[PDB]
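Visitor: Fold the following and give me the result.
(chains A, B, C, D, E, F, G and H, ligands or ions: 8)
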8 protein chains.
Amino acid sequence: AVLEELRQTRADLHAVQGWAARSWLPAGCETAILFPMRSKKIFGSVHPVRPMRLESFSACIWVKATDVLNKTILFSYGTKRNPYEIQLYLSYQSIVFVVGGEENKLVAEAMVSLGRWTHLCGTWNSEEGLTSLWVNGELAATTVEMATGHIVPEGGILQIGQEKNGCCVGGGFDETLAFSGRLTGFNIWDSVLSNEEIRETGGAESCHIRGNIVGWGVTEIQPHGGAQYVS
Amino acid sequence: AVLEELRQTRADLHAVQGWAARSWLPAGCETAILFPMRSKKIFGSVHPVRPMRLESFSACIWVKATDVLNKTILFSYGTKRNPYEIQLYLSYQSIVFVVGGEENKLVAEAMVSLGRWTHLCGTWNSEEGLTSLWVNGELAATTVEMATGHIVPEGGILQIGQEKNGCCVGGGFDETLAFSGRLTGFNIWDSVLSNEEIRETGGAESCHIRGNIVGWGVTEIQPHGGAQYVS
Amino acid sequence: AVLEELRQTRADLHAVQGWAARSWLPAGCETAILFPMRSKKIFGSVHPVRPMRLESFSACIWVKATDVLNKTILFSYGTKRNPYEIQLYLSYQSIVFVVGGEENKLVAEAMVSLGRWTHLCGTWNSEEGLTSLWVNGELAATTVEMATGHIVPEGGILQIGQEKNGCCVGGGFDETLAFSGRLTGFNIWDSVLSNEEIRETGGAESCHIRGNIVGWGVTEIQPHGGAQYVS
Amino acid sequence: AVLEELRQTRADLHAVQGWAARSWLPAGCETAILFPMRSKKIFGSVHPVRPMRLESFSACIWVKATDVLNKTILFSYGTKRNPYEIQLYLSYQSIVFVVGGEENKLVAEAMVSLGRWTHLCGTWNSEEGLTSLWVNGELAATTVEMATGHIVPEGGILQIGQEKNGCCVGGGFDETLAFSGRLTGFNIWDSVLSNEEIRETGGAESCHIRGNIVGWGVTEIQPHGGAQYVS
Amino acid sequence: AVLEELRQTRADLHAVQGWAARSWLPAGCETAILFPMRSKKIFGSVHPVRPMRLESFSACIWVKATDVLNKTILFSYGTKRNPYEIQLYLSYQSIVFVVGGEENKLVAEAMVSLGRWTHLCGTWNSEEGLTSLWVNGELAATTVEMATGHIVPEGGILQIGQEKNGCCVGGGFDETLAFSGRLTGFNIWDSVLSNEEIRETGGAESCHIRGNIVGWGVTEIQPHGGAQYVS
Amino acid sequence: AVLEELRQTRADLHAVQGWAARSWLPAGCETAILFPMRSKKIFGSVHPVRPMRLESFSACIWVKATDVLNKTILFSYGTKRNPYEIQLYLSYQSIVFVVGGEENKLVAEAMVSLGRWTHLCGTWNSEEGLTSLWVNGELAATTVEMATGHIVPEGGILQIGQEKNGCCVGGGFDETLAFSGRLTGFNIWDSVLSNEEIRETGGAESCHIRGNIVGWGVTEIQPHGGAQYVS
Amino acid sequence: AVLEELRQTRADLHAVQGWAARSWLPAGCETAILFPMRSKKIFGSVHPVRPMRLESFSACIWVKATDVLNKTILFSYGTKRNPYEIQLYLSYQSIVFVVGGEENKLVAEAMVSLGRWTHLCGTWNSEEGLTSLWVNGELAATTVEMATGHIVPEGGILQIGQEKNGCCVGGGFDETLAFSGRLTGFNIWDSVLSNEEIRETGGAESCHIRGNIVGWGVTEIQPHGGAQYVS
Amino acid sequence: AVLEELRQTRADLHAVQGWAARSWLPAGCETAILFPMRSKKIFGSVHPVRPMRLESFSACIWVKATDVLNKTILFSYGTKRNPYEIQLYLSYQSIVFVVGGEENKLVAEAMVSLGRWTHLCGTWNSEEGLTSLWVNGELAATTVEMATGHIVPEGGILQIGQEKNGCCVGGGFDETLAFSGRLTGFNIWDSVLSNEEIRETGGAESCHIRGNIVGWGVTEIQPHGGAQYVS
Ligand SMILES: *[C@@H]1O[C@H](CO)[C@@H](O)[C@H](O)[C@H]1NC(C)=O
Ligand SMILES: *[C@@H]1O[C@H](CO)[C@@H](O)[C@H](O)[C@H]1NC(C)=O
Ligand SMILES: *[C@@H]1O[C@H](CO)[C@@H](O)[C@H](O)[C@H]1NC(C)=O
Ligand SMILES: *[C@@H]1O[C@H](CO)[C@@H](O)[C@H](O)[C@H]1NC(C)=O
Ligand SMILES: *[C@@H]1O[C@H](CO)[C@@H](O)[C@H](O)[C@H]1NC(C)=O
Ligand SMILES: *[C@@H]1O[C@H](CO)[C@@H](O)[C@H](O)[C@H]1NC(C)=O
Ligand SMILES: *[C@@H]1O[C@H](CO)[C@@H](O)[C@H](O)[C@H]1NC(C)=O
Ligand SMILES: *[C@@H]1O[C@H](CO)[C@@H](O)[C@H](O)[C@H]1NC(C)=O
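Guide: Numbers count the residues shown, from 1 in each chain, chains lettered A, B, ... in the order given. Ligands and ions are numbered 1, 2, ... in the order given. Have a look at this structure:
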């Protein structure tokens, strides 16, 4: 009796199953930025209140990439002299973390899926260049003495979904570099997070641990070019 | 006991039944463009990165038409000399595919419903003009030697929901030509898709197969005039 | 066993109960206009393609009013000479239908609730001025020989939520006249709808019967001043 | 049998549990303002129709603060001469109510949570300065003879999420003062609400009791700088 | 000797003769409004600080009409009920002054030239409707008992170059009624000016006598649609 | 004595000589459109009130071209089907008039100077295609039976300085075809002007003879992309 | 002979006499701000690079007032706490300099003409409040011990033509306080200028002496509401 | 007789002397860009049609600087990697030409005046780095083997009045580097100009010699931030 009716109740709930699953957001975040397209002018400007005069930093982010090219920028900090200060991006299947210069990069192979949220986070300290990438909370890659003894200066432009090219011409950003998908939980810290801290940054009810420099839901992140807040 | 309570549980879930059903999206697409009204200025501009110098193409699309007139444009590619290069549209009850010139068209009669999503897709190769229309994955119509030996040139304007008229006067598009409804999953390929490929393009978890020329969620599709992204 | 866990399943579904109920829309309409506030500049312009040279008309509408004043305009058609051609509005508790002139009005007392959708609809034919108001499908009021032998001319401005005052000064509309709430299913017909037609216009799956003059989801309705499309 | 199936039914409903919980709104409010970030230009201007020439007032509000600093403004009324006429704000953990002057403040310690809605409401009468703060319906703090014999004049600017600084320079608001979170049910009364009235203002189906001076869903509350209506 | 070189000096000054003559402005006026075209939406809004609750008024204007149709509006004040309260316009060759309603008007035949500045001033007192038109300082046409015992109420919209038709439709102003040319010295008084005052208003150094209700260079005149301030 | 001081008077007037000469305008025209650069999106839309359903037409224009390429468009009228209905342009040194189609055209060799105003007027009647080009009032080149028995239809877009390419893509107009310089006195007639009328149109005090279809200072000309009205 | 022709040469030059006189600018200034009207929202923001933490200051300005009311503001610097820090304004016929607060002010009677440029410069040093007003280079009125021992703090907003009221309400500036006319040569110094320097600031070729804090043609002055640069 | 009246004629012409002198433009240039202030965001973008893949180039510009700081940029071309490719700027009194990098530069001491137009042209060929600076047509300073064997690549942004800092942050350009004054005749050539050509570029009727890469009145120059075209 009850089982038979439960059959049709489940059949009905199937309609809302996918509708709720498609708009699900990771952690406890109630807002995210949507890049519906790889444009020549789509990006998001971040305006940290605290200066970026940082020697050690651990930048985490929740990403869901619809299409990943040879080079797709998640977030990137770049000054006038050197546009590749901090730059997390995605290759065809790997994740690349660039600190200091374009030549100093750390690559973690084949642990990013397209339509699934992943907590990509990258740590780096200037004492000996001990850089690491954690994906979904477990170590993905690590290297030492890369960009060692380097300090990212102030005045640089930090963006999400693009690299420093400027939009004083009505865009001008390289389309192939753009990011198309969803971003949330963008946090940057002034110190190397501990292992447990990195694990708990990408948990279930974890969208309330925000960095001091850039904090999701606190810092001025304004999208441009077509990106929008999908609350 | 449990059955009685299940009665009221189902009665309660009835309230969310329609609310979830009305905003349901086809395939796995999490975003779509809404044309709430037939205006003189409503359309959506598409900006393919790859040039449209194509001899064979298979253009798929998910459409839900609120009202269909004698001539309602779903998508249309048109150059300066000939505005009817590629044009998929809807008659009162039939679906029309135009390639090359307005005289060359293929008509499939009475398989489009108003308030229901349908995966209209049109294939065409210039070797002998073998054109086809598949609706919901099964062949709807086919013809041979139409617009044969024709090449759609570059520089043309591609739009969704309207035809090439231009909006340098504050609109100017013919209202009767406009489209009012919902569009999603707009993909254009550079080659004739195989039968299984066409079948799987309009499946359940099928909103991740995108064309190389125009790909939903990848290409710059910007609405104008009142059209908007209903995420 | 099953009953006990069903208790907590219902407790869980309670959280989504109200969230789905609050954004529920009447009929089968998937889109509506939200007037969040009574501003000096909030309204919605309607642009019928067919001229308003009508002798008989039946104008239906779905309304949910957050706050109703001495005079709150739902929709209003007004020419340059006479701004009170057609005007449906709400008094403190009654519904008023004005056709032809401000002196010719029909009042139906105390059948409008604030936070609940109601299908207010008004019919009028110029042969003898036989005007009627139906609320939720059942007759609310009726009168004869009011504005008889009158023809509403063309060129008039039709708005939803305000009356004809113009916004060439940055607003100027009377705040007290404004409408704050939700509107959907705005339809105007060129003929007096039959009783069954009026009953089925405000049904359950009834948001696909649209008028020839103004049709919800077909005609150009553009909000202004703060009103927005709440899909 | 039924129990086993109910196990996976609950497992499935878990996906929509959090999705519905994250966008839940308090009382019966169907609309709210979202401050996604602490910008230099984010706020919301309120335009009461009735003048603020009030001697006694009870200002209620529903707030959900993502991050609370040393000084975070929920709402603030300020004239040209004295910008601190009325100002409700949040310290690190306490709630502060300022009436008349910045020196006259009432502080209620440690009853505000970050990610949870709370019905903060403040009452004040000028007969003897008997001011009170109610949090979630129960008394949080109270004092007497503070700003006694004072009248808040007219012409002042009332904002939500910021204090009176002006935005004729492209912002200029102090970032640290800004509010980042969600606001709803902003009501201001011309008289001291009774205890039962304050209790029922922050109830379950209580988002229909609105003040005469400022009423949520009635008064012109236009956000600026990045604040949004999250319907 | 000197006489011979004077010929070349005059020939040189010839190049600046016309260039200075074309941009010459009448009276001592240093600024004027240019209506380059008869757009569908060209006009200028006037926002008098003092209310238009006037019984007797004198209104002057310096006009240079590039093209005059059957009906070309210089300025027009109109309320919601009656859009033809005050309206000065030009027929093919005559000047028409309308006060109260279209039925009662004053016409002065054939004293307006196209490319030449003319100082048109219409006066009217409600005691007996004694209305007069003065062109370039000399009386043109006078009538008595027209719109007698009439009072132009407040709230009406006053414009230059168009009638009261509203621009909430993206224009909508009748193209034919538009004004294309140059306007300056728009003044409206609360009392019928004396003959000597009328003569002095249209003098040489006379762009410093301005009306109390509307005063050129003091009142808020906002051009729209293509009209611009030609300083 | 007088001659000596006249020397310095002439020396002084030298400073204003060039300043007045550079901003000189031809005919009695007091306004003109300036195309400072050959932008990708610079043009001017023209919106004739009278439809372009014309069989015979004479079109004049005063032009001062800063730089003339292989193809520089002064004005161009083009429909959706055929964008080359009417098109007057400049080759490296010649003036080209196109009516009907690109195949049939009239060319007048080497009578256009760059920095000097020239009055180019092309006439054409459909009775036998008798087309003529008049430069500065004297006939330049005439031909017969070109585009004979052809009628330019309605709906076509008419622009100055560009072709019909549409700006819904944020521009897209071919840069090379653009016009950079100054334009004025754009007039189009519904009949072939007589020889004396053609001479008078390009006279000294001749900026008051305007066409019925398009008339300078009467028709609606909207510059776009960087073009502006240089009064 | 020469004298006779010189008569007509002078008659010719008469046409350009007034045209050049009306647009004349004082000093060697090549640009100025025009306030065509006393709008509700007309002003000009000034953004000094150097902070206003000044104890002694001299502030000059060239002013030409079309209409002067009971209180018309030339420039005004005001902080959040005290909006009347520095404020130079005009009464019906006198010039008023306000430093520190409203109570302490300096008044110079009847030396301002409406349509004539005047060089008003107010100096003030905090050692003993020795404040002075210089009009056209000759001292107008001086006082001692007014606002003595006072320091104007930083963060205050400095405007020309209005007070500190804010425009986040779409204006809100008091209309009466507005300034309508022309302004130029706005300079503010960090030290009390010497008498010879004061005289030289208002000379003939004197639009190249600019203050260190605010300098005309160097400091960032943005007109708003209708004000514009009349070059 | 004639001499006496000529005295007053000269006295009258004195009034227009300065008014014509202040708006005088050099060469035969009829248009120029005005930088009224040193805003945080004032500049002008230049969009050369021909790519900047140049080995030898000569770049001229007419400049009139109101205020010159330690570093004031006239024009600057900079790529992403190296923002200092080409950069002409002014020190306190000298003119500096930078090609390749900041380390290698050419300085010409003390030949720039503030309020006077000067024709600064820098030439450089990569064969041996033979760079030269010509001021007003006479060589100022030359050097050899500086940036030798260097090629300025494509994609770099070229601006007038600022460096390459990007305006995606709502400005961000360094205020000190900005340029405040007037610019015209901006030309860049693909080959080192000859000495006679250099002299002719800065002549009297010399505003018709324009470069192939960037040509004044041909290339797309868009002012931003407050800069405007002073025709
Ligand atoms: C992938 O991108 C890198 C730079 O990010 C590039 O060096 C490499 O060649 C690319 N792989 C290709 C093009 O196959
Ligand atoms: C339907 O549209 C076609 C063109 O798309 C037209 O030829 C045909 O006449 C229309 N049918 C009608 C008007 O009944
Ligand atoms: C209600 O409104 C009507 C006009 O719509 C007005 O005549 C009447 O006086 C109002 N009732 C009041 C003010 O009590
Ligand atoms: C908290 O803010 C108050 C003012 O609102 C301030 O006086 C106090 O010092 C702050 N507490 C700190 C800075 O620890
Ligand atoms: C001129 O205009 C008036 C109304 O302004 C109109 O009545 C009259 O017919 C017009 N004259 C014509 C059309 O010849
Ligand atoms: C000049 O332009 C025409 C088309 O307008 C073109 O056919 C011709 O080749 C051009 N001349 C050249 C490129 O030398
Ligand atoms: C002039 O203005 C002052 C304040 O600026 C005011 O106190 C005074 O009353 C005014 N004079 C009048 C209103 O006659
Ligand atoms: C002038 O500017 C240069 C850089 O352009 C700088 O190195 C130098 O120190 C400056 N001179 C000063 C600050 O006196």
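
Visitor: Kindly report the residues of chain A close to ligand 4.
Guide: Within chain A, no position is near ligand 4 by C-beta under 6 Å from any ligand atom. Bear in mind the C-beta positions are built from the backbone N, C-alpha and C, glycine included.

Visitor: residue boundaries of the strands in chain A?
Guide: Applying DSSP state E to chain A gives strands spanning A:33-35, A:43-47, A:56-67, A:72-78, A:86-90, A:95-99, A:105-108, A:118-125, A:130-135, A:138-143, A:157-160, A:180-189, A:220-224, A:228-229.

Visitor: Which residues outside the fourth one are in contact with it?
Guide: Put plainly, it is strand A:72-78. The contact list for strand A:72-78 (C-beta atoms under 8 Å, 6 or more residues apart in numbering or on different chains) reads A:46, A:52, A:59, A:61, A:63, A:65, A:83-90, A:120, A:152, A:156-164, A:177-179, A:183, A:186.

Visitor: Could you tell me how many residues sit around the closest residue to residue A:83 other than its chain neighbours?
Guide: In space, and not counting its chain neighbours, residue A:83 is closest to residue A:164: 4.2 Å by C-beta to C-beta, 6 or more residues apart in numbering or on different chains. For residue A:164, the neighbour count with other C-beta atoms under 10 Å in any protein chain shown is 24.

Visitor: again, but for residue A:147
Guide: 22.

Visitor: try residue A:102
Guide: Residue A:102, neighbours per other C-beta under 10 Å, totals 11.

Visitor: Next one: it from residue A:96, what distance?
Guide: Distance, residue A:102 to residue A:96, using C-beta to C-beta, to the nearest Å: 10 Å.

Visitor: do the same with residue A:20
Guide: Using C-beta to C-beta, we find residue A:20 at a distance of 33 Å from residue A:96.

Visitor: One more: residue A:121?
Guide: Residue A:121 is 14 Å from residue A:96, by C-beta to C-beta.

Visitor: the more surrounded of these two?
Guide: Legend: neighbour count by other C-beta under 10 Å for residue A:121 and residue A:96, higher for residue A:121 (26 against 20).

Visitor: What separation is there between that one and residue A:188?
Guide: 10 Å.

Visitor: Now do the shared contacts for these two.
Guide: Listed as contacting both residue A:121 and residue A:188 by C-beta under 8 Å, 6+ apart are A:58, A:59, A:60.

Visitor: what's near enough to touch the residue most central in space within chain A?
Guide: Computing the C-alpha centroid of chain A and ranking residues by C-alpha atoms, centre = their mean puts residue A:61 first, at 3.6 Å. Applying C-beta under 8 Å, 6+ apart, we find residue A:61 in contact with A:74, A:75, A:88, A:119, A:120, A:121, A:183, A:184, A:185, A:186, A:187.

Visitor: now do 6 Å
Guide: For residue A:61, the contacting residues are A:120, A:186, by C-beta atoms under 6 Å, 6 or more residues apart in numbering or on different chains.

Visitor: Can you tell me how far it is from residue A:214?
Guide: Separation of residue A:61 from residue A:214 (C-beta to C-beta): 10 Å.

Visitor: quick one: which of the shared contacts of residue A:121 and residue A:188 is nearest to chain F?
Guide: residue A:59 (33.8 Å; C-beta to the nearest C-beta).

Visitor: give me every residue that touches that closest one.
Guide: A:122, A:188.

Visitor: And for residue A:99?
Guide: The neighbours of residue A:99, taking C-beta under 6 Å, 6+ apart as the test, are A:86, A:124, A:147.

Visitor: what about the top helix by length along chain A, near chain D?
Guide: Looking across chain A with DSSP state H, the single longest helix is helix A:2-22. Yes - judged by C-beta under 6 Å from any C-beta of the partner chain, helix A:2-22 comes into contact with chain D at A:2, A:3, A:6, A:10, A:20, A:21.

Visitor: ok, residue A:206 touching residue A:27?
Guide: Yes - counting by C-beta atoms under 6 Å, residue A:206 does reach residue A:27; the two are 4.5 Å apart.

Visitor: restrict the contacts of residue A:99 to those near ligand 6?
Guide: Subset of the contacts of residue A:99 in contact with ligand 6: empty, counting by C-beta under 6 Å from any ligand atom.

Visitor: What is the burial count for residue A:36?
Guide: As a burial measure, residue A:36 scores 26 neighbours (other C-beta under 10 Å).

Visitor: residue contacts, it?
Guide: Residue A:36 is in contact with residue B:31, counting by C-beta under 6 Å, 6+ apart.

Visitor: For burial, what's the neighbour tally of the nearest residue to residue A:40 once chain neighbours are set aside?
Guide: Nearest residue to residue A:40, sequence neighbours excluded (C-beta to C-beta, 6+ apart): residue A:171, at 4.2 Å. Residues within reach of residue A:171, counting by other C-beta under 10 Å, total 18.

Visitor: what does residue A:47 give?
Guide: If we define neighbours as other C-beta under 10 Å, then residue A:47 has 17 of them.

Visitor: repeat for residue A:72
Guide: 24.

Visitor: which residues does it form a beta bridge with?
Guide: When assigned by DSSP bridges, residue A:72 has beta-bridge partners residue A:90.

Visitor: How much space separates it from residue C:95?
Guide: For residue A:72, the distance to residue C:95 - C-beta to C-beta - is 57 Å.

Visitor: check contacts around the residue in chain A positioned nearest to ligand 3.
Guide: Closest to ligand 3 within chain A is residue A:231: 39.1 Å, counting by C-beta to the nearest ligand atom. Applying C-beta under 6 Å, 6+ apart, we find residue A:231 in contact with A:31, D:230.
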